[PDB]
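Engineer: There's a structure below that I have some questions on.
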Amino acid sequence: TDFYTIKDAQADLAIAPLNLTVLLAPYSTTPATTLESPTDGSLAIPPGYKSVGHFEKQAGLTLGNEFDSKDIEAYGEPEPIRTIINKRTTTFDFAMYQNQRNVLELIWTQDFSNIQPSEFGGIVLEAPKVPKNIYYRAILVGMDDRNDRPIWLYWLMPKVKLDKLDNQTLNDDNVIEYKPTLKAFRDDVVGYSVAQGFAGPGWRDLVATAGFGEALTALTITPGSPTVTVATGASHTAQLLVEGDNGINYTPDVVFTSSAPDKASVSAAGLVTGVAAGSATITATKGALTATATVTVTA
Amino acid sequence: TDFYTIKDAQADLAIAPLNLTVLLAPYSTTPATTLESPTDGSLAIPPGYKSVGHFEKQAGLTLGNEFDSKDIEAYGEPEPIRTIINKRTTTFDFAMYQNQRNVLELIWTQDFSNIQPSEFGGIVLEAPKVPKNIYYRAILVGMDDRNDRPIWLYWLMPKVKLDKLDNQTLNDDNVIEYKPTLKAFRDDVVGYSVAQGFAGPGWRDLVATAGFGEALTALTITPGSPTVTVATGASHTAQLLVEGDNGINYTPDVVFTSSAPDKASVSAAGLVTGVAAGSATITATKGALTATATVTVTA
Amino acid sequence: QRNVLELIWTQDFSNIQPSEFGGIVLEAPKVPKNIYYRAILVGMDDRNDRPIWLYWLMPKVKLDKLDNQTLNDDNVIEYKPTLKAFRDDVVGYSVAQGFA
Amino acid sequence: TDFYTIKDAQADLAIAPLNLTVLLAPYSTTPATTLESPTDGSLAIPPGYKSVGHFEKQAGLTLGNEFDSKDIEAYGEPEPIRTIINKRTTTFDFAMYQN
Amino acid sequence: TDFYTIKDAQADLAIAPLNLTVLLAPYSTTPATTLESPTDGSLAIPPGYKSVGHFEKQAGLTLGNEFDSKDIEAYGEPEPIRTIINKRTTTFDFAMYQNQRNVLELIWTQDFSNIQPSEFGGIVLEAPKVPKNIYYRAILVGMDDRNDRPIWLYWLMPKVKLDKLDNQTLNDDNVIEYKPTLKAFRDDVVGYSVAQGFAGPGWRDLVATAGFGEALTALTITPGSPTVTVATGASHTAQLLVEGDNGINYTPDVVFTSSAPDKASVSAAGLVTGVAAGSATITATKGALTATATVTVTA
């Protein structure tokens with residue numbers, strides 16, 4: 001075993017947030033638990049979350065983490081006999097561009113839903129007497145679109161509050177920027193303050209390599225012997241489902257090939273439609289792994 | 001004695017970590033005591049240690065050392081009559097690239113071995129309600145591969161814990177980096193917090209120059225005068241071993257020459273195989289020093 | 001080399017035996033040790049083939065500080081200690097400057 | 001197989017822009033998707049595109065392409081482990097005569 | 001020894017790339033290891049490599065080599081005690097005339113294999129929204145065809161990528177040119193980024209002079225004393241082979257002269273056909289060196 005083998009470096013596991021969006025929801029919104037849709041695994045934002053829009057490129061988004069802890073020191077022990085970690089405080093800050101209601105509500109710690117535009121559309125937003133403690137649910141989701149198979153990496157912060165506001169500079173060659181720092185708090189119902197997520201087909205290519213779950217070694221077609229009616233109806237067509245030994249649905253990632261296309265027609269997705277009666281073999285190919293199913297068609 | 005002779009400068013003793021890898025193991029792993037394999041001296045990582053993969057080039061890896069000490073001051077003494085050094089605190093930090101399970105477990109102070117990928121491969125990693133005190137065993141091993149004889153310089157830290165986490169910045173032209181600072185703690189069983197190691201044939205060229213042990217002046221062939229059977233069997237072949245006065249095995253670094261190749265065949269590694277009966281002399285040459293052995297072959 | 005590593009790790013490594021293949025492991029001591037050294041800093045100004053040797057004698061020095069060690073793939077490893085001079089009673093000084 | 005067969009040079013695939021015209025349209029115009037007429041394959045310019053007319057022969061028309069990219073550098077790797085190309089900037093310049 | 005003898009100038013070792021071709025292959029192609037056919041030493045391009053066609057004569061082809069290195073400076077040492085060379089960057093640029101699919105795919109960093117010509121043959125090639133990192137395998141092979149014995153000088157670059165595109169100028173008296181700069185990258189599988197090769201009978205005349213291998217001093221006929229049946233069959237004809245002391249097959253470079261043509265006929269290639277039974281001598285002569293063999297023909 002040489003040095004390179006020991007290093008076991010995986011360049012594909014480096015993920016770049018080529019695009020990024022911040023979504024805020026009012027505290028009454030049900031918090032997101034995952035961004036992966038249970039239907040097809042696509043990106044699914046729960047209702048109530050609204051994007052803040054464009055933010056400054058060069059500032060980007062900075063995520064902060066600090067630990068406050070206390071060491072229990074015993075006589076004659078150079079190192080603490082016990083370290084008590086109180087909490088982990090997560091913050092994130094960014095420079096928003098868009099002058100929309102949710103951004104301004106965040107900046108001024110106020111609810112502006114009752115603000116009615118004037119008879120010519122003008123609005124005036126008064127800062128409240130006392131700044132209010134307003135909590136939001138936050139999603140920070142980024143995309144690494146590589147080889148047409150995107151990776152969505154995201155952070156879920158169910159309870160965030162405005163913590164700090166950077167100085168706002170007006171220049172005649174720049175747009176106005178709002179630069180809040182948001183602090184994450186633990187939400188009791190969901191039981192965490194920050195969660196990090198990975199999703200997307202590009203991630204599905206990497207989950208086993210990243211060390212989550214087990215690797216894919218066998219492909220299984222759950223409708224092993226389906227039957228499709230020649231005549232039109234509910235049972236005329238059948239949708240296949242290809243899984244693995246690790247329990248991951250690999251149906252989008254496989255190539256569907258039929259034995260006799262005339263007898264039973266299968267699409268790229270894997271929907272088997274029986275044009276004519278007979279027997280057809282449907283083979284799903286992904287790399288060197290193969291799952292084969294046989295379909296009987298009746299008229 | 002001129003200035004140059006007094007300086008006694010050895011450029012070859014300057015070692016460059018041209019490549020570097022960080023390996024972490026769960027605290028239940030048996031700690032590494034050496035990276036040098038007892039079989040052939042090759043680099044040998046104990047099971048349970050896993051590389052974190054690629055890390056940032058420009059940041060590199062920074063090793064910190066802090067001494068905390070107290071001085072006992074006596075009346076009329078400008079200098080302390082006694083200095084009590086409590087401990088030496090060793091830290092190291094680096095910027096990891098790969099979104100692997102072990103890296104994310106380190107940064108979030110959590111065990112994610114029970115995290116199951118969703119049907120489409122997505123994972124959500126929740127930060128624990130309270131950060132946990134998790135210890136790891138760490139190996140930092142670097143390679144100076146020069147003249148095709150590598151030097152492995154390494155640090156063994158049997159008990160490391162996450163101490164600090166640098167701010168994480170998301171930029172649309174960069175990958176996401178994790179920048180932990182790890183603090184070494186004394187492991188009671190192995191009896192140290194940090195150990196520095198050197199290994200490899202390139203190091204073996206330099207051990208005497210570096211002042212460890214004594215210099216090599218004589219070469220000895222430990223088998224001496226063996227006998228190999230012409231017929232095929234367990235005792236048909238004999239493996240030689242070449243040592244020095246300092247007790248260092250120099251077998252990989254010597255040139256094996258046989259007197260009569262037909263009588264007894266010797267490879268580069270020094271394995272004597274008796275093709276035909278007779279008397280053959282096997283000479284191992286390294287630089288200006290040599291060792292001669294005579295092998296009698298019987299049929 | 002051994003003397004540099006002994007200085008940085010505040011340990012005596014004279015008993016460290018290289019392994020069968022020459023490898024060595026240097027463990028940091030459980031408690032850092034107070035180790036004193038005698039130091040000579042001698043420089044040379046070679047001008048017109050008639051050199052000048054300027055030197056400092058520090059009979060009792062001890063490791064005082066160790067700077068952060070950075071590993072870069074385009075540089076050699078550096079050890080950056082700060083040594084503090086102490087008065088040696090027998091010779092009666094902590095620092096002497098010499099010219100020869 | 002000799003060198004000439006391997007080279008497989010096709011002189012007829014070298015195309016000389018003997019005549020050239022630049023047409024501009026206001027942004028409200030529907031963009032052209034192809035210049036080939038679907039009926040008989042002849043040249044078909046969509047409405048709204050207007051030629052700028054004659055331009056200087058010697059200057060010709062210059063087409064520029066620049067890439068902006070950032071290299072991700074890992075420790076111990078001489079070459080980047082990933083190159084992020086931001087965009088490809090295309091420019092063209094020419095010297096118009098007509099007022 | 002005079003100055004002329006010391007200089008030892010060999011004009012025939014100067015090679016002019018009178019003709020030159022650039023072949024590109026998709027990264028999925030198996031990289032070329034050599035261009036010399038193992039059968040008869042002729043020039044052999046692996047499948048998947050396609051020539052870009054004609055390129056501009058005056059610009060030619062330019063090969064660049066850049067070293068990046070760092071010097072380790074020690075106090076009191078005017079020169080570095082160690083120089084760490086990171087890599088050698090090889091580039092090449094040339095100006096292509098032909099508006100082929102592979103050329104346009106290269107310049108636009110896109111795959112155009114799915115582009116379908118319209119009903120009248122027209123094609124539209126859209127530049128991708130984001131430029132893609134596409135690697136190719138490259139062969140630059142030139143020919144010096146002098147004295148009817150060609151020399152093939154070539155460069156193998158298994159992993160090349162578009163690095164730069166020069167300004168494209170449209171003129172009414174010139175064809176349109178594409179001027180890419182390609183950068184060679186190290187291919188892990190084959191273990192290099194650039195390899196330079198020499199092949200051909202003209203090279204074979206110069207291999208010993210160029211200092212590779214040893215000089216040719218003896219010619220040897222490997223078959224020795226063969227026997228051919230007069231009757232037609234599989235064993236009716238035997239193909240000879242002439243070698244040298246350096247291990248180079250000199251069969252194309254030798255002249256076959258038979259003793260009795262009626263007994264055994266030998267062609268220029270050295271194929272021995274026994275027309276009538278008897279004993280014949282086959283002599284292959286090259287310059288002042290010769291090799292003789294005797295063939296016994298039976299009916």
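By order of appearance in the structure tokens: chains A, B, ..., then residues from 1 within every chain, and ligands from 1 in the order shown.
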Using only C-alpha atoms, find each residue of chain D with at least one atom at most 12 Å away from an atom of chain C; report its shortest atom-to-atom pair and that distance in Å (one decimal), sort the rows by chain and rising residue number, and return the result as a Markdown table.

Structural biologist:
```
| residue | atom | partner | partner_atom | distance |
| --- | --- | --- | --- | --- |
| D:73 | CA | C:73 | CA | 11.3 |
| D:74 | CA | C:73 | CA | 9.7 |
| D:75 | CA | C:73 | CA | 6.3 |
| D:76 | CA | C:73 | CA | 5.7 |
| D:77 | CA | C:73 | CA | 8.7 |
| D:78 | CA | C:73 | CA | 9.4 |
```

Engineer: Could you tell me which residues of chain E sit within 12 Å of chain A when counting only C-alpha atoms, and give me the result as a VMD selection string?

Structural biologist: chain E and resid 110 to 111 128 to 134 188

Engineer: Find the residues around residue 9 in chain B up to 12 Å (only C-alpha atoms counted), leave out those fewer than 4 positions away in its own chain, and share them as a ChimeraX atom specification.

Structural biologist: /B:3-5,13-14,209-210 /C:1 /E:74-77,81

Engineer: Would you save the residues of that selection, restricted to C-alpha atoms, as a tab-separated table (two decimals), in the first residue's frame?

Structural biologist:
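For reference, selection19.tsv as written:
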```
chain	number	residue	atom	x	y	z
B	3	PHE	CA	33.84	27.76	9.45
B	4	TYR	CA	32.26	25.38	6.93
B	5	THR	CA	33.53	22.29	8.77
B	13	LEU	CA	18.30	16.28	6.53
B	14	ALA	CA	15.84	18.98	5.44
B	209	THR	CA	23.69	11.18	9.87
B	210	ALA	CA	20.73	12.43	11.93
C	1	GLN	CA	18.68	15.60	13.53
E	74	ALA	CA	19.45	28.60	3.93
E	75	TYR	CA	21.34	31.30	5.82
E	76	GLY	CA	24.81	31.83	4.40
E	77	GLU	CA	24.10	29.82	1.24
E	81	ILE	CA	19.99	24.00	-0.67
```

Engineer: With 6 Å as the cut-off and only C-alpha atoms counted, what is the closest atom pair between each nearby residue of chain B and chain C? Distances in Å to one decimal, ordered by chain and number, as a tab-separated table.

Structural biologist:
```
residue	atom	partner	partner_atom	distance
B:15	CA	C:76	CA	5.2
B:16	CA	C:76	CA	3.8
B:17	CA	C:73	CA	5.5
B:18	CA	C:73	CA	4.3
B:41	CA	C:21	CA	5.5
B:60	CA	C:72	CA	5.1
B:61	CA	C:71	CA	5.1
B:62	CA	C:70	CA	4.2
B:63	CA	C:69	CA	4.9
B:64	CA	C:68	CA	4.8
B:87	CA	C:31	CA	5.7
B:192	CA	C:30	CA	5.9
B:194	CA	C:28	CA	5.7
B:195	CA	C:27	CA	4.1
B:196	CA	C:26	CA	5.1
B:197	CA	C:25	CA	4.3
B:198	CA	C:24	CA	5.5
B:199	CA	C:23	CA	4.3
B:204	CA	C:22	CA	4.9
B:210	CA	C:1	CA	4.1
B:211	CA	C:2	CA	5.3
B:213	CA	C:17	CA	5.7
B:248	CA	C:20	CA	4.9
B:249	CA	C:20	CA	5.4
```

Engineer: For the residues in that selection, give me N, CA, C and O atoms as a JSON list (two decimals), in the first residue's frame.

Structural biologist:
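Produced file out23.json, reproduced below:
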```
[["chain", "number", "residue", "atom", "x", "y", "z"],
["B", 15, "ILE", "N", 13.63, 18.02, 5.25],
["B", 15, "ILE", "CA", 12.60, 17.12, 4.74],
["B", 15, "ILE", "C", 11.37, 17.95, 4.37],
["B", 15, "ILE", "O", 10.89, 18.74, 5.19],
["B", 16, "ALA", "N", 10.88, 17.76, 3.15],
["B", 16, "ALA", "CA", 9.73, 18.50, 2.65],
["B", 16, "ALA", "C", 8.51, 17.59, 2.58],
["B", 16, "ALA", "O", 8.55, 16.56, 1.89],
["B", 17, "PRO", "N", 7.42, 17.92, 3.26],
["B", 17, "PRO", "CA", 6.19, 17.11, 3.12],
["B", 17, "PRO", "C", 5.47, 17.41, 1.80],
["B", 17, "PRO", "O", 4.50, 18.15, 1.72],
["B", 18, "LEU", "N", 6.00, 16.80, 0.73],
["B", 18, "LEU", "CA", 5.46, 17.05, -0.60],
["B", 18, "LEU", "C", 4.02, 16.59, -0.71],
["B", 18, "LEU", "O", 3.20, 17.24, -1.37],
["B", 41, "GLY", "N", 9.42, -2.90, 6.36],
["B", 41, "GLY", "CA", 9.61, -1.49, 6.61],
["B", 41, "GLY", "C", 8.73, -0.57, 5.81],
["B", 41, "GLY", "O", 8.89, 0.65, 5.90],
["B", 60, "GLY", "N", -2.45, 24.58, 4.04],
["B", 60, "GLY", "CA", -1.58, 23.52, 4.52],
["B", 60, "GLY", "C", -2.07, 22.97, 5.84],
["B", 60, "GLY", "O", -3.27, 22.94, 6.13],
["B", 61, "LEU", "N", -1.12, 22.53, 6.66],
["B", 61, "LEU", "CA", -1.42, 22.04, 7.99],
["B", 61, "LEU", "C", -0.50, 22.74, 8.98],
["B", 61, "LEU", "O", 0.72, 22.72, 8.81],
["B", 62, "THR", "N", -1.09, 23.36, 9.99],
["B", 62, "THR", "CA", -0.35, 24.11, 10.99],
["B", 62, "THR", "C", -0.37, 23.35, 12.31],
["B", 62, "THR", "O", -1.43, 23.00, 12.81],
["B", 63, "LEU", "N", 0.81, 23.11, 12.86],
["B", 63, "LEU", "CA", 0.96, 22.46, 14.16],
["B", 63, "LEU", "C", 1.35, 23.50, 15.20],
["B", 63, "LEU", "O", 2.33, 24.22, 15.01],
["B", 64, "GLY", "N", 0.58, 23.58, 16.27],
["B", 64, "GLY", "CA", 0.81, 24.54, 17.33],
["B", 64, "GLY", "C", 1.29, 23.86, 18.60],
["B", 64, "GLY", "O", 0.90, 22.73, 18.90],
["B", 87, "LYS", "N", 2.02, 21.63, 31.34],
["B", 87, "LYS", "CA", 1.78, 20.76, 30.20],
["B", 87, "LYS", "C", 2.21, 21.46, 28.93],
["B", 87, "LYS", "O", 2.50, 22.66, 28.91],
["B", 192, "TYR", "N", 1.47, 9.05, 25.96],
["B", 192, "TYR", "CA", 1.92, 10.30, 25.37],
["B", 192, "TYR", "C", 0.75, 10.95, 24.65],
["B", 192, "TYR", "O", -0.27, 10.31, 24.38],
["B", 194, "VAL", "N", 1.66, 13.32, 21.82],
["B", 194, "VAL", "CA", 2.18, 13.48, 20.47],
["B", 194, "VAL", "C", 3.48, 12.70, 20.35],
["B", 194, "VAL", "O", 4.31, 12.72, 21.26],
["B", 195, "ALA", "N", 3.66, 12.02, 19.23],
["B", 195, "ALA", "CA", 4.92, 11.39, 18.88],
["B", 195, "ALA", "C", 5.25, 11.72, 17.43],
["B", 195, "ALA", "O", 4.37, 11.73, 16.57],
["B", 196, "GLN", "N", 6.52, 12.00, 17.17],
["B", 196, "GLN", "CA", 7.01, 12.28, 15.83],
["B", 196, "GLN", "C", 7.82, 11.09, 15.33],
["B", 196, "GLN", "O", 8.67, 10.57, 16.06],
["B", 197, "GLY", "N", 7.56, 10.67, 14.11],
["B", 197, "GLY", "CA", 8.21, 9.50, 13.56],
["B", 197, "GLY", "C", 8.83, 9.76, 12.20],
["B", 197, "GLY", "O", 8.39, 10.63, 11.45],
["B", 198, "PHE", "N", 9.86, 8.98, 11.90],
["B", 198, "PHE", "CA", 10.54, 9.00, 10.61],
["B", 198, "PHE", "C", 10.72, 7.56, 10.16],
["B", 198, "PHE", "O", 11.08, 6.70, 10.96],
["B", 199, "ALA", "N", 10.46, 7.30, 8.88],
["B", 199, "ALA", "CA", 10.58, 5.95, 8.34],
["B", 199, "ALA", "C", 10.80, 6.03, 6.83],
["B", 199, "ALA", "O", 10.75, 7.11, 6.24],
["B", 204, "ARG", "N", 16.27, 5.66, 6.15],
["B", 204, "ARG", "CA", 17.33, 4.72, 6.48],
["B", 204, "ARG", "C", 18.68, 5.18, 5.95],
["B", 204, "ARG", "O", 19.71, 4.93, 6.59],
["B", 210, "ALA", "N", 21.60, 11.68, 11.05],
["B", 210, "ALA", "CA", 20.73, 12.43, 11.93],
["B", 210, "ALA", "C", 21.10, 12.29, 13.40],
["B", 210, "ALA", "O", 20.54, 13.00, 14.24],
["B", 211, "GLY", "N", 22.02, 11.38, 13.74],
["B", 211, "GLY", "CA", 22.46, 11.23, 15.10],
["B", 211, "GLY", "C", 21.69, 10.23, 15.94],
["B", 211, "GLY", "O", 21.81, 10.26, 17.17],
["B", 213, "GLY", "N", 21.22, 6.33, 16.93],
["B", 213, "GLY", "CA", 22.03, 5.13, 16.82],
["B", 213, "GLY", "C", 23.45, 5.46, 16.40],
["B", 213, "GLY", "O", 23.92, 6.60, 16.49],
["B", 248, "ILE", "N", 20.70, -2.27, 11.85],
["B", 248, "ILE", "CA", 19.71, -1.89, 10.85],
["B", 248, "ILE", "C", 19.80, -2.86, 9.68],
["B", 248, "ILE", "O", 20.88, -3.11, 9.14],
["B", 249, "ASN", "N", 18.65, -3.41, 9.29],
["B", 249, "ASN", "CA", 18.57, -4.29, 8.13],
["B", 249, "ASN", "C", 18.82, -3.48, 6.86],
["B", 249, "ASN", "O", 18.04, -2.58, 6.53]]
```

Engineer: What is the distance, in Å and to one decimal place, between CA of residue 115 in chain B and CA of residue 212 in chain A?

Structural biologist: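 That distance, rounded to one decimal, is 6.8 Å.
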
Engineer: Measure the distance from CA of residue 174 in chain E to CA of residue 89 in chain D in Å and round it to one decimal.

Structural biologist: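 Interatomic distance, CA of residue 174 in chain E to CA of residue 89 in chain D: 24.7 Å.
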
Engineer: Could you pull out all residues of chain C with a DSSP call of strand (DSSP E) and give them as a ChimeraX atom specification?

Structural biologist: /C:24-27,36-47,50-66,69-71,81-85,96-99

Engineer: Can I get the selected residues back with N, CA and C atoms, as a short mmCIF file (atom, residue, chain, number, x, y, z; two decimals), in the first residue's frame?

Structural biologist:
```
data_model
loop_
_atom_site.label_atom_id
_atom_site.label_comp_id
_atom_site.auth_asym_id
_atom_site.auth_seq_id
_atom_site.Cartn_x
_atom_site.Cartn_y
_atom_site.Cartn_z
N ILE C 24 12.35 5.54 13.44
CA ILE C 24 12.39 6.00 14.82
C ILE C 24 11.06 6.66 15.15
N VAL C 25 10.67 6.56 16.41
CA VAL C 25 9.50 7.24 16.95
C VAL C 25 9.94 8.01 18.19
N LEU C 26 9.66 9.31 18.21
CA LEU C 26 10.06 10.18 19.32
C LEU C 26 8.80 10.65 20.04
N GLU C 27 8.55 10.09 21.21
CA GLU C 27 7.39 10.46 22.00
C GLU C 27 7.69 11.70 22.82
N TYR C 36 18.65 22.53 30.10
CA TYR C 36 19.54 23.64 29.80
C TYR C 36 20.63 23.20 28.83
N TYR C 37 21.03 24.12 27.97
CA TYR C 37 22.09 23.88 27.01
C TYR C 37 23.10 25.00 27.08
N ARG C 38 24.30 24.71 26.60
CA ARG C 38 25.31 25.72 26.34
C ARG C 38 25.29 26.05 24.86
N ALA C 39 25.24 27.34 24.54
CA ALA C 39 25.04 27.79 23.18
C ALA C 39 26.19 28.66 22.73
N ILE C 40 26.61 28.47 21.48
CA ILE C 40 27.53 29.37 20.80
C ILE C 40 26.87 29.82 19.51
N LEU C 41 26.77 31.13 19.33
CA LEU C 41 26.35 31.72 18.06
C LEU C 41 27.57 32.42 17.48
N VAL C 42 28.16 31.85 16.45
CA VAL C 42 29.36 32.41 15.83
C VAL C 42 29.08 32.69 14.36
N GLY C 43 29.38 33.92 13.94
CA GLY C 43 29.24 34.32 12.56
C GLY C 43 30.58 34.67 11.95
N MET C 44 30.65 34.69 10.62
CA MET C 44 31.88 34.97 9.91
C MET C 44 31.66 36.11 8.93
N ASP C 45 32.58 37.07 8.93
CA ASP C 45 32.65 38.11 7.91
C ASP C 45 33.98 37.92 7.20
N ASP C 46 33.95 37.23 6.06
CA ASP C 46 35.15 36.94 5.28
C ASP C 46 35.38 38.08 4.30
N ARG C 47 36.34 38.95 4.61
CA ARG C 47 36.63 40.13 3.81
C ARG C 47 38.11 40.12 3.46
N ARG C 50 40.74 37.77 4.97
CA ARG C 50 41.04 37.89 6.39
C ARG C 50 39.73 37.90 7.16
N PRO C 51 39.24 36.74 7.60
CA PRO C 51 37.90 36.69 8.19
C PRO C 51 37.84 37.33 9.57
N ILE C 52 36.64 37.78 9.92
CA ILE C 52 36.31 38.22 11.27
C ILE C 52 35.27 37.26 11.82
N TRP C 53 35.52 36.73 13.01
CA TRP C 53 34.56 35.89 13.70
C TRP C 53 33.93 36.68 14.83
N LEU C 54 32.65 36.97 14.69
CA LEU C 54 31.86 37.59 15.74
C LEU C 54 30.99 36.51 16.36
N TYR C 55 30.98 36.43 17.68
CA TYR C 55 30.26 35.35 18.32
C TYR C 55 29.63 35.80 19.63
N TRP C 56 28.64 35.03 20.05
CA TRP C 56 27.97 35.20 21.33
C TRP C 56 28.08 33.90 22.10
N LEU C 57 28.45 33.99 23.37
CA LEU C 57 28.51 32.83 24.25
C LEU C 57 27.37 32.90 25.24
N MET C 58 26.54 31.86 25.26
CA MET C 58 25.42 31.76 26.19
C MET C 58 25.53 30.42 26.90
N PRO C 59 26.17 30.38 28.07
CA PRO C 59 26.45 29.10 28.72
C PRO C 59 25.22 28.36 29.23
N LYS C 60 24.08 29.03 29.41
CA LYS C 60 22.90 28.39 30.00
C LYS C 60 21.65 28.89 29.28
N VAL C 61 21.21 28.15 28.27
CA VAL C 61 20.02 28.51 27.52
C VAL C 61 18.98 27.41 27.69
N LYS C 62 17.72 27.81 27.58
CA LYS C 62 16.59 26.91 27.73
C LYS C 62 15.53 27.27 26.70
N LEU C 63 14.81 26.26 26.22
CA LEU C 63 13.70 26.50 25.31
C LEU C 63 12.63 27.33 26.00
N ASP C 64 12.29 28.47 25.41
CA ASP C 64 11.32 29.39 25.98
C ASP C 64 10.00 29.41 25.23
N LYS C 65 10.03 29.20 23.92
CA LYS C 65 8.84 29.32 23.09
C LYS C 65 9.06 28.54 21.81
N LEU C 66 7.96 28.09 21.21
CA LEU C 66 8.00 27.37 19.95
C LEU C 66 6.94 27.95 19.02
N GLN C 69 4.26 25.58 13.58
CA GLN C 69 4.91 24.84 12.51
C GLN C 69 3.89 24.59 11.40
N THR C 70 4.15 25.14 10.22
CA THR C 70 3.26 25.00 9.08
C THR C 70 3.85 24.02 8.08
N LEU C 71 3.06 23.03 7.69
CA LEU C 71 3.45 22.07 6.66
C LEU C 71 2.86 22.52 5.34
N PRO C 81 12.35 27.61 17.38
CA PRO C 81 12.35 27.85 18.83
C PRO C 81 12.87 29.24 19.18
N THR C 82 12.43 29.70 20.34
CA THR C 82 13.01 30.86 21.00
C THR C 82 13.73 30.37 22.24
N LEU C 83 15.02 30.67 22.33
CA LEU C 83 15.83 30.26 23.47
C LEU C 83 16.12 31.46 24.37
N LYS C 84 16.04 31.23 25.67
CA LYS C 84 16.28 32.27 26.67
C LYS C 84 17.59 31.97 27.39
N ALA C 85 18.44 32.98 27.50
CA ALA C 85 19.71 32.85 28.19
C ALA C 85 19.53 33.05 29.69
N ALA C 96 27.96 36.66 26.52
CA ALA C 96 29.21 37.33 26.21
C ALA C 96 29.32 37.48 24.70
N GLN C 97 29.80 38.64 24.26
CA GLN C 97 30.03 38.91 22.85
C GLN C 97 31.53 38.89 22.58
N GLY C 98 31.93 38.20 21.52
CA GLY C 98 33.34 38.04 21.21
C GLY C 98 33.66 38.42 19.78
N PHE C 99 34.91 38.84 19.58
CA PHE C 99 35.45 39.14 18.27
C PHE C 99 36.82 38.48 18.15
#
```

Engineer: Would you mind listing, as a PyMOL selection string, all residues of chain D that have at least one atom within 9 Å of chain A, where only C-alpha atoms are what counts?

Structural biologist: chain D and resi 81-82+84

Engineer: I need the residues of chain C that end up classed as helix (DSSP H, G or I) by DSSP on the backbone, written out as a JSON list (two decimals) with N, CA, C and O atoms, in the first residue's frame.

Structural biologist:
```
[["chain", "number", "residue", "atom", "x", "y", "z"],
["C", 2, "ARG", "N", 19.10, 14.72, 15.74],
["C", 2, "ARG", "CA", 18.73, 14.39, 17.11],
["C", 2, "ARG", "C", 18.76, 15.61, 18.02],
["C", 2, "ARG", "O", 17.87, 15.79, 18.85],
["C", 3, "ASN", "N", 19.79, 16.46, 17.91],
["C", 3, "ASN", "CA", 19.89, 17.58, 18.85],
["C", 3, "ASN", "C", 18.77, 18.59, 18.64],
["C", 3, "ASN", "O", 18.20, 19.11, 19.61],
["C", 4, "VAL", "N", 18.38, 18.84, 17.38],
["C", 4, "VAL", "CA", 17.28, 19.75, 17.10],
["C", 4, "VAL", "C", 15.97, 19.21, 17.68],
["C", 4, "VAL", "O", 15.20, 19.94, 18.33],
["C", 5, "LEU", "N", 15.70, 17.93, 17.45],
["C", 5, "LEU", "CA", 14.45, 17.34, 17.92],
["C", 5, "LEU", "C", 14.42, 17.23, 19.44],
["C", 5, "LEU", "O", 13.37, 17.41, 20.07],
["C", 6, "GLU", "N", 15.57, 16.94, 20.05],
["C", 6, "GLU", "CA", 15.69, 16.95, 21.50],
["C", 6, "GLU", "C", 15.39, 18.33, 22.06],
["C", 6, "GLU", "O", 14.70, 18.45, 23.08],
["C", 7, "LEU", "N", 15.88, 19.37, 21.40],
["C", 7, "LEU", "CA", 15.58, 20.73, 21.83],
["C", 7, "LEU", "C", 14.08, 21.02, 21.73],
["C", 7, "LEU", "O", 13.48, 21.52, 22.69],
["C", 8, "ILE", "N", 13.47, 20.70, 20.59],
["C", 8, "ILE", "CA", 12.08, 21.10, 20.40],
["C", 8, "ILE", "C", 11.13, 20.30, 21.29],
["C", 8, "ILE", "O", 10.10, 20.81, 21.73],
["C", 9, "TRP", "N", 11.45, 19.03, 21.55],
["C", 9, "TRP", "CA", 10.56, 18.19, 22.34],
["C", 9, "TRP", "C", 10.91, 18.16, 23.82],
["C", 9, "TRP", "O", 10.23, 17.48, 24.59]]
```

Engineer: Could you list, as a list in words, every residue within 10 Å of residue 253 in chain A, counting only C-alpha atoms and ignoring same-chain residues fewer than 5 positions away?

Structural biologist: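 In the requested format, the answer is residues 201, 204, 205, 242, 268, 269, 284, 285, 286 and 287 of chain A.
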
Engineer: Now that the selection is made, can you save its residues with C-alpha atoms as a short mmCIF file (atom, residue, chain, number, x, y, z; two decimals), in the first residue's frame?

Structural biologist:
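Output (part_10.cif):
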```cif
data_model
loop_
_atom_site.label_atom_id
_atom_site.label_comp_id
_atom_site.auth_asym_id
_atom_site.auth_seq_id
_atom_site.Cartn_x
_atom_site.Cartn_y
_atom_site.Cartn_z
CA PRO A 201 -28.84 12.53 -8.44
CA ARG A 204 -26.89 9.66 -5.19
CA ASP A 205 -23.82 8.85 -7.29
CA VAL A 242 -35.34 -0.60 -9.52
CA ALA A 268 -36.55 5.49 -20.41
CA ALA A 269 -38.31 6.00 -17.07
CA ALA A 284 -32.37 -2.49 -16.49
CA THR A 285 -28.66 -1.72 -16.91
CA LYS A 286 -26.54 0.57 -14.75
CA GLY A 287 -22.80 0.25 -15.23
#
```
